[PDB]
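Beneath this line is the structure, given in structure tokens, with notes to follow.
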Amino acid sequence: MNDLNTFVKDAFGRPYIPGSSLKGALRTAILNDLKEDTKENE
RNA sequence: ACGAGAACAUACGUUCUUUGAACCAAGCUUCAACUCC
């Protein structure tokens, strides 16, 4: 009923999506093939 | 009752003049605020 979480805001308080989240999502998308895509990716 | 007796190797004189510890060099790289009740 409570304990609400919060969308990411800047210091101006407008919501936005950080580019790192989309990059991590796309990293999970690209790593479908080559699951052992290693620590030292290029 | 000495090749002897006296007799300062002494006086003046800047280790000084000229000179960039400089030059080139991204605190950066890969990184989901997420997971399970």
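Following the order of the structure tokens, chains are lettered A, B, ..., residues in each are numbered from 1, and ligands are numbered from 1.
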
Hey, could you make a per-residue contact list for chain A against segment 27-35 of chain B with 7 Å as the cut-off, showing the nearest pair of atoms and its distance in Å to one decimal, counting only C-alpha atoms (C1' of nucleotides), sorted by chain and number, as a Markdown table?
```
| residue | atom | partner | partner_atom | distance |
| --- | --- | --- | --- | --- |
| A:20 | CA | B:32 | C1' | 6.6 |
| A:21 | CA | B:32 | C1' | 4.1 |
| A:24 | CA | B:32 | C1' | 4.9 |
| A:25 | CA | B:32 | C1' | 6.3 |
| A:39 | CA | B:30 | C1' | 6.8 |
| A:40 | CA | B:30 | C1' | 6.3 |
| A:41 | CA | B:30 | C1' | 6.6 |
```

### Neighbour list for segment 4-9 of chain A as an NGL selection string, cut-off 12 Å, only C-alpha atoms (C1' of nucleotides), skip fewer than 6 positions in-chain
(:A and (15-19 or 21)) or (:B and (33))

Take the residues from that selection and put them in a file with C-alpha atoms (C1' of nucleotides), as a PDB file, in the first residue's frame.
```
ATOM      1  CA  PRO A  15      12.595  12.623 -15.000  1.00  0.00           C
ATOM      2  CA  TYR A  16      14.988  11.145 -17.519  1.00  0.00           C
ATOM      3  CA  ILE A  17      16.455   7.802 -18.527  1.00  0.00           C
ATOM      4  CA  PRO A  18      20.242   7.580 -18.041  1.00  0.00           C
ATOM      5  CA  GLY A  19      22.091   6.305 -21.076  1.00  0.00           C
ATOM      6  CA  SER A  21      20.551   1.861 -18.395  1.00  0.00           C
TER       7      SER A  21
ATOM      8  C1'   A B  33      20.056   0.211  -9.065  1.00  0.00           C
TER       9        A B  33
END
```

### Query
When you draw a straight line from atom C1' of residue 36 of chain B to atom CA of residue 36 of chain A, how long is it in Å?
24.5 Å

### Query
By how many Å are atom CA of residue 23 of chain A and atom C1' of residue 25 of chain B apart?
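Computing the Euclidean distance for atom CA of residue 23 of chain A and atom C1' of residue 25 of chain B yields 29.6 Å.
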
### Task
Would you mind writing down, as a ChimeraX atom specification, each residue of chain A that DSSP on the backbone assigns to alpha helix (DSSP H)?
/A:19-30

Write the residues you've just listed into a file as an mmCIF file, in the first residue's frame, and include C-alpha atoms for each of them.
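As written to disk, again-v4.cif reads:
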```
data_model
loop_
_atom_site.group_PDB
_atom_site.id
_atom_site.type_symbol
_atom_site.label_atom_id
_atom_site.label_comp_id
_atom_site.auth_asym_id
_atom_site.auth_seq_id
_atom_site.Cartn_x
_atom_site.Cartn_y
_atom_site.Cartn_z
ATOM 1 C CA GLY A 19 22.091 6.305 -21.076
ATOM 2 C CA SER A 20 23.857 3.647 -19.018
ATOM 3 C CA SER A 21 20.551 1.861 -18.395
ATOM 4 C CA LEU A 22 19.782 1.696 -22.109
ATOM 5 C CA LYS A 23 23.375 0.627 -22.782
ATOM 6 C CA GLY A 24 23.083 -2.186 -20.249
ATOM 7 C CA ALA A 25 19.763 -3.221 -21.768
ATOM 8 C CA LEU A 26 21.335 -3.263 -25.230
ATOM 9 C CA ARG A 27 24.326 -5.154 -23.806
ATOM 10 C CA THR A 28 21.927 -7.835 -22.579
ATOM 11 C CA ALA A 29 20.361 -7.786 -26.037
ATOM 12 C CA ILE A 30 23.656 -8.177 -27.943
#
```
